[PDB]
Each structure stands twice: as C-alpha cells, then as structure tokens.
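As stored in coords-v7.cif (mmCIF, C-alpha atoms):
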```cif
data_target
#
loop_
_atom_site.label_atom_id
_atom_site.label_comp_id
_atom_site.auth_asym_id
_atom_site.auth_seq_id
_atom_site.Cartn_x
_atom_site.Cartn_y
_atom_site.Cartn_z
CA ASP H 33 -31.46 13.09 -16.66
CA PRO H 34 -27.93 13.17 -15.16
CA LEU H 35 -28.57 10.28 -12.75
CA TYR H 36 -29.72 7.86 -15.48
CA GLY H 37 -26.17 7.38 -16.79
CA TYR H 38 -24.99 6.25 -13.36
CA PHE H 39 -28.04 3.97 -13.00
CA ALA H 40 -27.89 2.24 -16.41
CA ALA H 41 -24.14 1.60 -15.96
CA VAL H 42 -24.77 -0.76 -13.02
CA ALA H 43 -28.37 -1.90 -13.69
CA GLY H 44 -28.95 -5.59 -14.45
CA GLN H 45 -30.98 -7.30 -17.17
CA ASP H 46 -34.21 -6.72 -15.21
CA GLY H 47 -33.77 -2.93 -15.54
CA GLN H 48 -33.36 -2.65 -11.77
CA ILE H 49 -30.60 -2.37 -9.15
CA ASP H 50 -29.86 -4.32 -5.96
CA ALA H 51 -27.91 -3.27 -2.84
CA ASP H 52 -24.45 -3.99 -4.32
CA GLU H 53 -25.23 -2.11 -7.53
CA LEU H 54 -26.71 0.79 -5.54
CA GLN H 55 -23.51 0.99 -3.47
CA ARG H 56 -21.46 1.52 -6.65
CA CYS H 57 -24.20 3.71 -8.13
CA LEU H 58 -24.26 6.16 -5.20
CA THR H 59 -20.46 6.51 -5.01
CA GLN H 60 -20.07 7.68 -8.62
CA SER H 61 -23.16 9.90 -8.22
CA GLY H 62 -21.23 11.89 -5.62
CA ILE H 63 -22.75 10.53 -2.42
CA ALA H 64 -20.06 8.85 -0.34
CA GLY H 65 -20.74 6.98 2.90
CA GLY H 66 -17.71 8.48 4.65
CA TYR H 67 -13.94 8.92 4.71
CA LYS H 68 -11.40 6.11 4.35
CA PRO H 69 -7.84 6.08 5.73
CA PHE H 70 -4.73 6.00 3.57
CA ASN H 71 -3.80 2.57 2.21
CA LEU H 72 -1.33 0.56 4.31
CA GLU H 73 1.24 0.72 1.49
CA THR H 74 1.00 4.52 1.39
CA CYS H 75 1.62 4.70 5.16
CA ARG H 76 4.63 2.38 4.84
CA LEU H 77 6.11 4.65 2.16
CA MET H 78 5.63 7.65 4.49
CA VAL H 79 7.45 5.87 7.32
CA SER H 80 10.33 4.96 4.97
CA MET H 81 10.47 8.56 3.69
CA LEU H 82 11.17 9.95 7.17
CA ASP H 83 12.90 7.10 9.05
CA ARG H 84 16.55 8.13 9.52
CA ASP H 85 17.09 5.46 12.22
CA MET H 86 16.10 2.55 9.91
CA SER H 87 13.91 1.15 12.69
CA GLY H 88 10.72 1.06 10.59
CA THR H 89 9.24 3.65 12.95
CA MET H 90 8.70 7.41 13.13
CA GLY H 91 9.24 9.96 15.93
CA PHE H 92 7.04 12.96 16.74
CA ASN H 93 9.19 15.60 14.99
CA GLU H 94 9.11 13.62 11.75
CA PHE H 95 5.32 13.22 12.09
CA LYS H 96 4.93 17.03 12.33
CA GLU H 97 7.11 17.33 9.22
CA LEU H 98 4.93 14.73 7.42
CA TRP H 99 1.63 16.41 8.36
CA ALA H 100 2.77 19.78 7.00
CA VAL H 101 3.88 18.22 3.69
CA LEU H 102 0.69 16.13 3.33
CA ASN H 103 -1.50 19.16 4.07
CA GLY H 104 0.43 21.12 1.43
CA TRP H 105 -0.13 18.42 -1.19
CA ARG H 106 -3.79 18.06 -0.18
CA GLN H 107 -4.37 21.82 -0.63
CA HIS H 108 -2.84 21.56 -4.12
CA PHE H 109 -4.99 18.48 -4.85
CA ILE H 110 -8.26 20.06 -3.63
CA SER H 111 -7.33 23.09 -5.76
CA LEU H 112 -7.25 20.89 -8.89
CA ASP H 113 -10.22 18.67 -7.99
CA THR H 114 -12.83 20.57 -10.01
CA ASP H 115 -15.94 18.64 -8.94
CA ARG H 116 -14.84 17.14 -5.58
CA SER H 117 -14.44 13.81 -7.43
CA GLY H 118 -11.42 12.76 -5.35
CA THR H 119 -9.50 12.24 -8.60
CA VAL H 120 -7.34 14.38 -10.89
CA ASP H 121 -6.22 13.91 -14.51
CA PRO H 122 -3.01 11.90 -15.19
CA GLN H 123 -1.46 15.00 -16.82
CA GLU H 124 -1.78 16.87 -13.52
CA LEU H 125 0.36 14.29 -11.70
CA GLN H 126 3.02 14.66 -14.42
CA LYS H 127 3.24 18.40 -13.66
CA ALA H 128 3.52 17.82 -9.89
CA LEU H 129 6.46 15.44 -10.39
CA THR H 130 8.18 17.91 -12.75
CA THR H 131 7.74 20.72 -10.19
CA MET H 132 9.60 18.58 -7.61
CA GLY H 133 12.76 19.11 -9.68
CA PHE H 134 14.32 15.66 -9.27
CA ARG H 135 15.24 15.97 -12.97
CA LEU H 136 13.37 13.16 -14.71
CA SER H 137 12.94 12.58 -18.44
CA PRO H 138 9.43 12.94 -19.96
CA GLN H 139 9.55 9.21 -20.78
CA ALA H 140 10.12 8.44 -17.09
CA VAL H 141 7.53 10.97 -15.83
CA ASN H 142 4.75 9.61 -18.07
CA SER H 143 5.44 5.93 -17.38
CA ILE H 144 5.23 6.74 -13.65
CA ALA H 145 1.85 8.44 -14.21
CA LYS H 146 0.56 5.35 -16.08
CA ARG H 147 1.11 3.00 -13.12
CA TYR H 148 -0.79 5.24 -10.67
CA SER H 149 -3.73 5.67 -13.07
CA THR H 150 -7.17 4.13 -12.46
CA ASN H 151 -9.54 4.34 -15.45
CA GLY H 152 -7.81 7.44 -16.86
CA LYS H 153 -7.72 9.20 -13.49
CA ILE H 154 -5.49 9.27 -10.40
CA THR H 155 -6.90 9.09 -6.86
CA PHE H 156 -5.75 11.12 -3.85
CA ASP H 157 -4.17 8.01 -2.28
CA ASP H 158 -2.16 7.26 -5.44
CA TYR H 159 -1.16 10.92 -5.91
CA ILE H 160 0.42 10.98 -2.43
CA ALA H 161 1.88 7.45 -2.70
CA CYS H 162 3.56 8.33 -6.01
CA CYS H 163 4.93 11.60 -4.59
CA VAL H 164 6.14 10.01 -1.34
CA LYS H 165 7.77 7.05 -3.14
CA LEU H 166 9.56 9.25 -5.69
CA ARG H 167 11.07 11.35 -2.85
CA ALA H 168 12.14 8.39 -0.68
CA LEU H 169 13.77 6.60 -3.63
CA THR H 170 15.55 9.77 -4.77
CA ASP H 171 16.97 10.27 -1.26
CA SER H 172 18.09 6.61 -1.19
CA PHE H 173 19.83 7.03 -4.55
CA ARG H 174 21.50 10.25 -3.39
CA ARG H 175 22.76 8.66 -0.15
CA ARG H 176 24.65 6.17 -2.32
CA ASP H 177 25.72 8.66 -5.04
CA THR H 178 28.52 10.14 -2.91
CA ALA H 179 30.35 11.56 -5.94
CA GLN H 180 27.16 13.22 -7.29
CA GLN H 181 27.50 11.41 -10.60
CA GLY H 182 23.84 10.56 -11.22
CA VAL H 183 24.98 6.94 -11.41
CA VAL H 184 25.14 4.33 -8.63
CA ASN H 185 27.17 1.13 -8.46
CA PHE H 186 24.64 -1.41 -7.17
CA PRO H 187 25.58 -4.85 -5.82
CA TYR H 188 22.54 -7.16 -5.94
CA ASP H 189 21.95 -7.37 -2.17
CA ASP H 190 22.34 -3.61 -1.65
CA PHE H 191 19.85 -3.00 -4.50
CA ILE H 192 17.30 -5.38 -2.96
CA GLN H 193 17.86 -3.86 0.49
CA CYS H 194 17.38 -0.35 -0.94
CA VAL H 195 14.25 -0.93 -3.06
CA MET H 196 12.48 -3.36 -0.71
CA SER H 197 12.87 -0.83 2.14
CA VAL H 198 10.89 1.75 0.14
CA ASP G 33 -8.28 -18.34 30.46
CA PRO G 34 -7.43 -18.82 26.73
CA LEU G 35 -9.95 -16.17 25.60
CA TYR G 36 -9.25 -13.65 28.41
CA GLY G 37 -6.13 -12.26 26.69
CA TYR G 38 -8.04 -11.20 23.57
CA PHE G 39 -10.76 -9.60 25.72
CA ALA G 40 -8.56 -7.60 28.14
CA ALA G 41 -6.60 -6.21 25.16
CA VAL G 42 -9.60 -4.22 23.90
CA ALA G 43 -11.71 -3.90 27.08
CA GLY G 44 -12.11 -0.58 28.90
CA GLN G 45 -11.34 -0.10 32.61
CA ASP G 46 -14.84 -1.51 33.27
CA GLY G 47 -14.33 -5.09 32.01
CA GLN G 48 -16.81 -4.45 29.20
CA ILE G 49 -16.47 -4.25 25.39
CA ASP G 50 -18.60 -2.55 22.73
CA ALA G 51 -19.33 -3.63 19.12
CA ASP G 52 -16.29 -1.81 17.68
CA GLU G 53 -14.06 -3.52 20.26
CA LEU G 54 -15.69 -6.94 19.69
CA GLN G 55 -14.81 -6.70 15.97
CA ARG G 56 -11.05 -6.53 16.63
CA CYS G 57 -11.40 -8.97 19.55
CA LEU G 58 -13.06 -11.76 17.53
CA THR G 59 -10.53 -11.63 14.67
CA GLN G 60 -7.59 -12.11 17.07
CA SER G 61 -9.44 -14.91 18.89
CA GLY G 62 -9.70 -16.97 15.68
CA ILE G 63 -13.05 -16.17 14.04
CA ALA G 64 -13.04 -14.10 10.84
CA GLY G 65 -16.16 -12.75 9.12
CA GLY G 66 -14.90 -13.72 5.65
CA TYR G 67 -12.25 -13.45 2.94
CA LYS G 68 -10.83 -10.18 1.64
CA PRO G 69 -9.23 -9.67 -1.80
CA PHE G 70 -5.55 -8.84 -2.32
CA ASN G 71 -4.63 -5.17 -1.84
CA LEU G 72 -4.63 -3.06 -5.03
CA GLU G 73 -0.87 -2.60 -4.59
CA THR G 74 -0.27 -6.38 -4.54
CA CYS G 75 -2.38 -6.72 -7.71
CA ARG G 76 -0.46 -3.84 -9.36
CA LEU G 77 2.78 -5.66 -8.54
CA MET G 78 1.41 -8.90 -10.06
CA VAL G 79 0.59 -7.13 -13.34
CA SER G 80 4.05 -5.54 -13.29
CA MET G 81 5.69 -8.94 -12.67
CA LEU G 82 4.31 -10.43 -15.91
CA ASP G 83 4.16 -7.30 -18.11
CA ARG G 84 6.45 -7.83 -21.12
CA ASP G 85 5.59 -4.72 -23.16
CA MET G 86 4.92 -1.99 -20.56
CA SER G 87 1.17 -2.29 -21.26
CA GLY G 88 0.15 -2.11 -17.59
CA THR G 89 -2.34 -4.87 -18.42
CA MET G 90 -2.41 -8.68 -18.35
CA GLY G 91 -3.49 -11.26 -20.94
CA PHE G 92 -5.14 -14.62 -20.25
CA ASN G 93 -2.00 -16.71 -20.80
CA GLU G 94 -0.19 -14.52 -18.26
CA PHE G 95 -3.19 -14.79 -15.91
CA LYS G 96 -3.08 -18.61 -16.08
CA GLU G 97 0.63 -18.45 -15.24
CA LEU G 98 -0.03 -16.04 -12.33
CA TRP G 99 -2.68 -18.31 -10.80
CA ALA G 100 -0.36 -21.34 -10.83
CA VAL G 101 2.49 -19.32 -9.28
CA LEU G 102 0.14 -17.92 -6.60
CA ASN G 103 -1.39 -21.32 -5.77
CA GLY G 104 2.16 -22.67 -5.36
CA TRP G 105 3.23 -19.84 -3.04
CA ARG G 106 -0.08 -20.26 -1.17
CA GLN G 107 0.47 -24.00 -0.68
CA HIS G 108 3.91 -23.32 0.83
CA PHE G 109 2.41 -20.61 3.08
CA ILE G 110 -0.15 -23.00 4.61
CA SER G 111 2.53 -25.62 5.39
CA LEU G 112 4.35 -22.96 7.45
CA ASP G 113 1.25 -21.45 9.10
CA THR G 114 0.05 -24.64 10.89
CA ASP G 115 -2.65 -22.55 12.62
CA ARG G 116 -4.97 -21.40 9.77
CA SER G 117 -4.57 -17.85 11.20
CA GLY G 118 -3.18 -16.52 7.90
CA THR G 119 -0.20 -14.86 9.58
CA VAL G 120 3.48 -15.88 9.61
CA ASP G 121 6.60 -14.76 11.52
CA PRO G 122 9.75 -13.25 9.83
CA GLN G 123 11.77 -16.44 10.51
CA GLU G 124 9.35 -18.54 8.42
CA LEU G 125 9.63 -15.90 5.67
CA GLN G 126 13.43 -16.27 5.50
CA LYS G 127 12.93 -20.06 5.11
CA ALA G 128 10.34 -19.55 2.35
CA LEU G 129 12.51 -17.23 0.22
CA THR G 130 15.48 -19.62 0.34
CA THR G 131 13.26 -22.45 -0.96
CA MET G 132 12.13 -20.35 -3.95
CA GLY G 133 15.80 -19.70 -4.75
CA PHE G 134 16.78 -16.42 -3.11
CA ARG G 135 20.37 -15.89 -1.96
CA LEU G 136 19.38 -12.85 0.15
CA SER G 137 21.59 -11.78 3.05
CA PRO G 138 20.17 -11.63 6.62
CA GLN G 139 20.50 -7.82 6.38
CA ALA G 140 18.20 -7.73 3.33
CA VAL G 141 15.76 -10.16 4.99
CA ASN G 142 15.76 -7.88 8.06
CA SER G 143 14.75 -4.85 5.95
CA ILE G 144 11.93 -6.87 4.39
CA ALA G 145 10.85 -7.93 7.90
CA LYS G 146 10.71 -4.28 9.07
CA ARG G 147 8.62 -3.28 6.03
CA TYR G 148 6.03 -6.07 6.00
CA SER G 149 5.59 -7.13 9.64
CA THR G 150 3.30 -5.40 12.14
CA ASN G 151 2.87 -6.29 15.86
CA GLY G 152 5.35 -8.95 15.11
CA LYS G 153 4.33 -10.91 12.01
CA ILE G 154 3.51 -10.87 8.27
CA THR G 155 0.13 -11.41 6.59
CA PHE G 156 -0.46 -13.61 3.53
CA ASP G 157 -1.01 -10.49 1.37
CA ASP G 158 2.34 -9.01 2.46
CA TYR G 159 3.93 -12.44 1.99
CA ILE G 160 2.67 -12.53 -1.60
CA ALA G 161 3.46 -8.84 -2.28
CA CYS G 162 7.00 -9.46 -1.03
CA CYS G 163 7.41 -12.53 -3.27
CA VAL G 164 6.01 -10.74 -6.32
CA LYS G 165 8.17 -7.63 -5.80
CA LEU G 166 11.35 -9.68 -5.25
CA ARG G 167 10.85 -11.71 -8.43
CA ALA G 168 10.15 -8.59 -10.51
CA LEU G 169 13.04 -6.59 -9.01
CA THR G 170 15.49 -9.49 -9.39
CA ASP G 171 14.40 -9.73 -13.04
CA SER G 172 14.94 -5.98 -13.56
CA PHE G 173 18.39 -6.23 -11.96
CA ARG G 174 19.35 -9.44 -13.78
CA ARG G 175 18.50 -8.03 -17.22
CA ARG G 176 20.86 -5.08 -16.64
CA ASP G 177 23.56 -7.37 -15.18
CA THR G 178 25.84 -8.12 -18.15
CA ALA G 179 28.08 -11.21 -17.77
CA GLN G 180 26.42 -12.14 -14.45
CA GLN G 181 28.69 -10.00 -12.26
CA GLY G 182 26.06 -9.38 -9.56
CA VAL G 183 26.64 -5.63 -9.88
CA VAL G 184 24.79 -3.01 -11.96
CA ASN G 185 25.66 0.62 -12.65
CA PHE G 186 22.34 2.43 -12.40
CA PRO G 187 21.73 5.87 -13.92
CA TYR G 188 19.15 7.86 -11.94
CA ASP G 189 16.46 8.15 -14.65
CA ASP G 190 16.64 4.41 -15.38
CA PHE G 191 16.67 3.55 -11.67
CA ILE G 192 13.54 5.60 -10.98
CA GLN G 193 11.63 4.49 -14.11
CA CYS G 194 12.58 0.89 -13.31
CA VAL G 195 11.63 0.76 -9.61
CA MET G 196 8.58 3.08 -9.78
CA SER G 197 7.07 0.77 -12.44
CA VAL G 198 7.51 -2.26 -10.16
#
```
Let me see whether you can do it: turn the structure in this file into structure tokens.
Amino acid sequence: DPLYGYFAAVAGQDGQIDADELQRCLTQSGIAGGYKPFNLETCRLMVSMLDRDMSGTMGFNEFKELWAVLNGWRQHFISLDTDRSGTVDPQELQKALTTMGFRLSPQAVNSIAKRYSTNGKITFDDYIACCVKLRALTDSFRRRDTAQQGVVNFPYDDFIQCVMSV
Amino acid sequence: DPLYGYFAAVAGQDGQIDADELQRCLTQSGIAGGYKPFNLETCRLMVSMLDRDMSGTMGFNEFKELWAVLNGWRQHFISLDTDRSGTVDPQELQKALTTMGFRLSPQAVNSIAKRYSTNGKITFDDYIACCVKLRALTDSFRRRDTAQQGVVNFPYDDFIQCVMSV
C-alpha cells in the first residue's frame, strides 16, 4: 500500500497518528491545504535585483519585467516537476545556473546547489531565490568591474554595502 | 482613543472589521497568538556562520556556541526594545552593531536599514539574520585580507562561491 510508507514515517509508538502528524502525513501524500506566498527573503532579493534607484522599492515597469521572468522560470520548473511534488533534483538546478552563462566553475555551481538543497531536493522558492540572487550579485560585481577584468578591488565597507544589499 | 488607530487602519468604510482584519489588528495592538521560529534563511545563515569544513551541517559543540551567541544578542535586543513588541528602529540597530565591534559607515548601515526594515522598523529575526550575516561576511573578507589592509581583490568565481554560501 503506497500510503502506508507516509503513515509509518510519522506514526507514534501507539501505531496511530494525531493532528500534527496527520498534517505532515497529508502534505507528503500529495494533498496540500493551499498555496503559500514566496518567502520574505526571496521577495527582498527580487526587489534588489530590479532596484536601479537604490530606494529599496520597485516601480511598475520593473514589476512587469519581474513577472515575465518569474513566469518563464516557473514554466521551466513545472516542466521538470515530474509528479507535481513542488521540488526538483539538485542536479537540475546546476543545469539552470550553467544555462545562465555567468561563467562559473563546476566547483562553484555545485556548492551553490548544496546550500539550496532540502533533503536531497530543491523547492520552488529556493530555485527562484538562488536564481535571483546569482543574477543580482553578478550585476553588482559587473557594476564595479569597470575594466571587465573578472576581478574587483573591494574595500571592506564597499564589500559589506554590496553583499548586505543583496 | 489608544486602540482606535489600530482599528481604523484595517476597518472598511463601514466602521466594522472581519476575522481576517482582526488578526492583523490584534498583533499591532500588542497581543500576539504565540511564538514563531526563526526563518529558514536565518537558520541557513547560522549554519553557514559556524561551518568550518563546508559540510552545510552543524555539530553539538557548534550548536552550544550558537545558543550562547544568540542569547547574548537577544539580551541586548530586549534592552533596546523597552516595549516587548519585538521590533526595533534602524537607529537602535546602528547602536547595537557598534557595541558588537562593527566599524561600519553610515552608508553601509543605511543599506542594511533599507533591506531589513518594513513600515519603518526591523524585527528580531531580521536583527539576528543581519548580525549572523555580518559576522560570517566579515570573516570571509578578513580571511582573504592579507596583512590587514582592509582591501581584497576578488575574482568573480571566488566572490560568487563565497557570498552565495553565506
């Protein structure tokens, strides 16, 4: 029985489940209660990806630009989500980063994947957060790399200002 | 009336609130339903702050250290709050960072303020996340800063791998 594995994984010593255990039991079974918004951190990264003014806010044009990009990434995610699990394999995030063409080493790409991995899988929220953060940091690095050297001279305060803003 | 402000903020043009509105109204007024855990991001940062071998996991010795550091930062947060509301203004954040030993410029503090403050102020979670990220980023910078010059030349691949992991 397919459901028994989900049951036994949360069941107590009495061989039964209570409300809390049922909540976790139903979720992994495939029955969700509803949709949840993006994490606050993910939204903050989005704002910092598109804020040219450095006001910590976003205008309407930039929002349109964000929606189109998010919908594009969602369509790619749904395409790879085989069983509507809401998660994809860590290897699949590695490919997405590579396809961005920011030119990262395999040792960098894989270590990035590791951080956004929850029990050997990456969620939709983490997939987007990782993608958004990579882009915003790359743009920040490029704004400073005026000679196009691939190297940036970072004074401590400028480094803190740069990374803490993203 | 002291309570009127919280009411009118969520009330419709009828002077009446529903259950959804009462939820947001009661929290602002000074009555919370309970405690919530740290955001997953804040916890991810904490693991990253004490990770010595890129494991992405934490041992017990490191956990004991974390708890002491957190309890210390908590104790300082409550002495600034003086309202038990669990929220603090940017000015009291600038004071808190200086005490821990941060030589950050007002410009850097401003960028932190724009990232972690909503509707005017910063939560305890964002306060902690900010502290954790600053310590870990300062450590990353410091370890690349040969002869204590306060300047680091960052290659792109190392910059990304470094900051994405924290």
Specify the axis-aligned box that encloses all atoms of range 62-69 of chain G listed in the file after padding of 5 Å on each side, stating its centre and edge lengths in Å to one decimal as lines of an AutoDock Vina configuration file.
```
center_x = -12.7
center_y = -13.3
center_z = 6.9
size_x = 16.9
size_y = 17.3
size_z = 27.5
```
(request) In Å, rounded to a single decimal, give me how far CA of residue 121 in chain G is from CA of residue 145 in chain G. (result) 8.8 Å
Show me, as an mmCIF file with C-alpha atoms, keeping the file's coordinate frame, the residues that have an atom within 12 Å of residue 108 in chain H when counting only C-alpha atoms, minus same-chain residues fewer than 3 positions from it.
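To be explicit, this is the file written out as result-v8.cif:
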```
data_model
loop_
_atom_site.group_PDB
_atom_site.id
_atom_site.type_symbol
_atom_site.label_atom_id
_atom_site.label_comp_id
_atom_site.auth_asym_id
_atom_site.auth_seq_id
_atom_site.Cartn_x
_atom_site.Cartn_y
_atom_site.Cartn_z
ATOM 1 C CA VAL H 101 3.880 18.220 3.690
ATOM 2 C CA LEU H 102 0.690 16.130 3.330
ATOM 3 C CA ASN H 103 -1.500 19.160 4.070
ATOM 4 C CA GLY H 104 0.430 21.120 1.430
ATOM 5 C CA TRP H 105 -0.130 18.420 -1.190
ATOM 6 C CA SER H 111 -7.330 23.090 -5.760
ATOM 7 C CA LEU H 112 -7.250 20.890 -8.890
ATOM 8 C CA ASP H 113 -10.220 18.670 -7.990
ATOM 9 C CA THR H 114 -12.830 20.570 -10.010
ATOM 10 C CA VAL H 120 -7.340 14.380 -10.890
ATOM 11 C CA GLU H 124 -1.780 16.870 -13.520
ATOM 12 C CA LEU H 125 0.360 14.290 -11.700
ATOM 13 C CA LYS H 127 3.240 18.400 -13.660
ATOM 14 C CA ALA H 128 3.520 17.820 -9.890
ATOM 15 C CA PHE H 156 -5.750 11.120 -3.850
ATOM 16 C CA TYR H 159 -1.160 10.920 -5.910
ATOM 17 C CA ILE H 160 0.420 10.980 -2.430
#
```
(request) Would you work out the distance separating CA of residue 115 in chain G from CA of residue 38 in chain G, expressed in Å to one decimal? (result)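 Calculated distance between CA of residue 115 in chain G and CA of residue 38 in chain G is 16.7 Å.
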(request) Would you give me, as JSON, numbers by chain, the residues of chain G that come within 8 Å of chain H, using all atoms listed in the file? (result) {"G": [73, 76, 88, 136, 137, 139, 140, 143, 144, 146, 147, 165, 166, 169, 170, 173, 182, 183, 184, 185, 186, 187, 188, 189, 190, 192, 193, 195, 196, 197]}
(message) When all Cα positions are paired in order and chain H is fitted onto chain G, what RMSD is left, to one decimal?
(response)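 For chain G versus chain H, the C-alpha RMSD is 1.1 Å.
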(message) So, with only C-alpha atoms as the atoms that count, which of G:133, G:118, G:152, G:91 lies closest to residue 63 in chain G?
(response)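 Of G:133, G:118, G:152, G:91, the one nearest residue 63 in chain G is G:118, counting only C-alpha atoms.
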(request) Could you tell me which of H:57, H:130, H:107, H:82 comes closest to residue 94 in chain H if we count all atoms listed in the file? (result)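 For residue 94 in chain H, the nearest of the candidates is H:82.
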(message) Ranking H:75, H:42, H:110, H:54 by minimum distance to residue 155 in chain H and counting all atoms listed in the file, which one comes first?
(response)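 Closest candidate: H:110.
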(request) Calculate how many Å separate CA of residue 78 in chain H from CA of residue 163 in chain H, rounding to one decimal. (result) 9.9 Å
